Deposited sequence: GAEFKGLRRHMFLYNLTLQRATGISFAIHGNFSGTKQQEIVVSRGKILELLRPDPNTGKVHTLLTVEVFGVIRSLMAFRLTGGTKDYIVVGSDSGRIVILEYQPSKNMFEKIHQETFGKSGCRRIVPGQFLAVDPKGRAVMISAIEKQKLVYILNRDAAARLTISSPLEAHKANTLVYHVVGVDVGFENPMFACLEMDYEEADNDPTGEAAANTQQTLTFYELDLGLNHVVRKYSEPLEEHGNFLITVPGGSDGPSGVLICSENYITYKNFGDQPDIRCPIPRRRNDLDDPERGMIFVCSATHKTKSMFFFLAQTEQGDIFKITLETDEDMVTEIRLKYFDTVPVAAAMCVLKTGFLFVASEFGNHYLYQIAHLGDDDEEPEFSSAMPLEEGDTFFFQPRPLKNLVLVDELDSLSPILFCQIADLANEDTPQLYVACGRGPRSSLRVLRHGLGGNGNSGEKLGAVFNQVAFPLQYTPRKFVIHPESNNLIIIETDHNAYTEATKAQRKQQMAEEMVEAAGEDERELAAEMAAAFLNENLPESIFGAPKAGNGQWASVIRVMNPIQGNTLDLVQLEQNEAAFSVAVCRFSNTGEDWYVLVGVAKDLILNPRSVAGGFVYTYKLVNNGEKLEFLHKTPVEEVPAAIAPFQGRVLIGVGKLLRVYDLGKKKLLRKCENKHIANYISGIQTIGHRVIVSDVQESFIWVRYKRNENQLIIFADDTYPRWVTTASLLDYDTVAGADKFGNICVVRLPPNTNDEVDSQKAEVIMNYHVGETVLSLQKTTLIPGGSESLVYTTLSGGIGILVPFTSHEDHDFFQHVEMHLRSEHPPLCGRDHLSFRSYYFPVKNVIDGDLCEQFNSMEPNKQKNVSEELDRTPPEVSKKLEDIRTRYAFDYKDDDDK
């Protein structure tokens, strides 16, 4: 047919957070929080009266925000925002509360676009007095801009100063509070020049991480590499300790199992081991690192908040003798979910931006101090083998005042009207680990959440009963039975090898330990082992949150595929097939085998009755019904299975699939196989002769995540790299002729990874649309155009907004949507709707060029949204 011209609109913006900063961005005494959703920059204001977070501004930057920090000049009243992007540009923005916008104050160019290896953008570090900023790549190149003001108190930026060093990798960069001395930047570096020239591998283990200091001489106007000290163990990030008049200058290196304080000069290095959890159910060989940090300065004191992998937040104070620091002091603050950023606001509030799942705003009630809880120090003696210990407990120092809904990460979605309403509902299997959930979303959206046990992988709907069959699977996790067994063995080890006459005490303590089941929702789940896997099959009613039936699996059995289907051999009684891998190691990949569970689904879509368990060579990754039988992908093999009394019986197989089958969908006697890397493959089943012959493939490699057949010859697919393509077969293609290649009729970079495509109609009596979901929690739609007049209009709108309203963080919009493939027949409506955010003169000029009026253009865009299609 004709090439499909599409229009892209985001209905639900991305909800995950990768960066969060706090400051006085309004210029008033109120404190706001700037967050990065990925391709979206957002401003939030927590109300200290009601303790609830409101969103004041949300902006699509059309780029990849890799680094975000705030700064303030000397004697200033408002905080600026420096953004490191995937363009070769640095941008400094000022929030204007009157106009409610991000004014781009400065934009300076240094390199090429993309998340590159040697082009700055990934790391951002500002001097605590606001005199300079440093943007750094992960390798070699580093650049420093000097910030000042002018007569009119407007920010001014200088030319970049080169601080490059070849063959040097960067783990983290942060500025040092050296008061008003020459500004200094601390970096966690490592040189790989030695490791590459040693064919024996000795230099690899011999090379060690260094802490290096870069000094910016203002009077000489140049950057110099002064001090570079090797470190004992490798650290993941740095914390700026307050310096100058209110604090001793220095840095805090967070490493695996340790936190060190170090400063230039005669300052001795002061390290302290990280307090492990008492009766930790994890693996003893597993280390412990900090995932994020926060800093809160008062005229009186200052403290740090550091969160571990297990979600434990510790308060850290520094005790100092005159200029030098004596010791580091650490005490257990609380336990919140694993966060990517923490902000300690003034007026007593803590903001936790979880790395996955919902976000939280707590009120600080008691900082501590008046606590009987043990405080630990770097001076307390401890043998080389032993460490500190503490016991987790329910919240004490924080109180939940607000919870923000976040759909990230969405792993599967089905749009259907399972309730008897008229409008379809979006059933979204999202969340991670113990914080996973299936959420029902209705007409920006209204969400109802039902908690799950592990990370959902795929769910299918039972047509007759409208119930949901979910599979949840997580890596390096313990099953319920294995968790209880580990608890019992730990309790048995506790009583034995203890002192006699105090073994009575060991027994009561171990009984208390066995009785305590700590909520995995808040405290995380005890997860350990390299090749361990926890999997669960669940049956859920879409109306209530009730689970109808549940099946735990083996300690190394991991479910990856599920389908519900009727079989031709056995009448209309339903069945449930579940593909499972055994002893799966991700890196390097190694698997023992796979199994396929066949269940009966005996009750009215409420109970699973185990029929049998079929073994197979590799992991069954895809299972789809096919005219009374089933199609199963195992490794790179595509087989047709039929129900047998004691097994699933192979009847025909295809071997010539490129790499590995990750999903298969059929229409007619055509099967569409998704490869992990080599994109789609069109195979044909011949009922006569019983053979599966490959008759078409693609000309480009695609790391396919999901797919959806639009028509008989057209397939829509999604990338791991956040792309969507539409590929169509030649019209006269014969399933007899093998050498046929498909044509790509659509390409478009969403900027976020898509895991579900579905062609549906969101509002009855509307047009059809292609709804996609996002791994970062977003929901979007692609709408086909009805006429060429509308197409030309919206295309000219895209062009004029590309020119007159460029992306906020220096990116080029046409380049951005062409991240991995050039754009083909898609219009960015998320850009077009920014016509309403421009200034009156720009809107007038664009409307006059379109031979229209501004309200008319706004009306047209709003009408496309009213169609939702």
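Gaps in the coordinates relative to the deposited sequence fall at 1-7, 451-464, 891-899.
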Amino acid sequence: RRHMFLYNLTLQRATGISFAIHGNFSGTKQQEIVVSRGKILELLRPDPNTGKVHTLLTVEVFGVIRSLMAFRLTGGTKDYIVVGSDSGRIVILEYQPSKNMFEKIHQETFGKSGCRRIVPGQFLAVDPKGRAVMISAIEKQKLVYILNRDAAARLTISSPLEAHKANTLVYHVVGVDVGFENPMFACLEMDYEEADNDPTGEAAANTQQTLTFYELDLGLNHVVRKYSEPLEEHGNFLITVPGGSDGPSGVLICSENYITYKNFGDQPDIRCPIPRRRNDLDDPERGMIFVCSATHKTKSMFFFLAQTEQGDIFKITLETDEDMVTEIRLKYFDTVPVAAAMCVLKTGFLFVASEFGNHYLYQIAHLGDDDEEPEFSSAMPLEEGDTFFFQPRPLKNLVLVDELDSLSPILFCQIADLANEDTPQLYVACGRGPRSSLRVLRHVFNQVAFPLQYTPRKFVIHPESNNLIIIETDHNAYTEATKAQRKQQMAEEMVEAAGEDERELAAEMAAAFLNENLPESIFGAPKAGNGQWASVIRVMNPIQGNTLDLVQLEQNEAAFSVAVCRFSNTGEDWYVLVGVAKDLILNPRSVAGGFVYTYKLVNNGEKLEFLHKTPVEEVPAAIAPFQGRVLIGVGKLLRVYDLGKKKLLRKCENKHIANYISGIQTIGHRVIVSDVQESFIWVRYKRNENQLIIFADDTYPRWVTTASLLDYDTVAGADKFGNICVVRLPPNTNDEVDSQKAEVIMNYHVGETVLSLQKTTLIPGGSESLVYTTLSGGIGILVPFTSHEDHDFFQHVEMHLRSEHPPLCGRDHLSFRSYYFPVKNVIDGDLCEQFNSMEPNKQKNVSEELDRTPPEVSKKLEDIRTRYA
From here on, numbers count along this sequence of modelled residues.
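Modelling of residue 498 is missing from a third or more of the other compared entries in which both of its neighbours are modelled. Two stretches are in play, 676-684 and 759-767, and the higher mean C-alpha B-factor belongs to 759-767. For the pair 187-195 and 325-333, the mean B factor over Cα atoms is greater in 325-333. Across 109, 122, 397, 665, the greatest Cα temperature factor reported in the deposited entry is at 397. Highest CA B-factor among 698, 492, 798, 94, as stated in the entry: 492. When the modelled residues of the chain are ordered by C-alpha B-factor, residue 169 sits in the lowest third. Remark: residue 86 belongs to the lowest third of its chain, ranked by C-alpha B-factor as recorded.
When the CA B factors of the chain's modelled residues are split into thirds, the value for residue 661 lands in the lowest one.
In the deposited entry, the Cα temperature factor of residue 853 sits in the top third of values across the chain's modelled residues. In the deposited entry, the Cα temperature factor of residue 720 sits in the bottom third of values across the chain's modelled residues.
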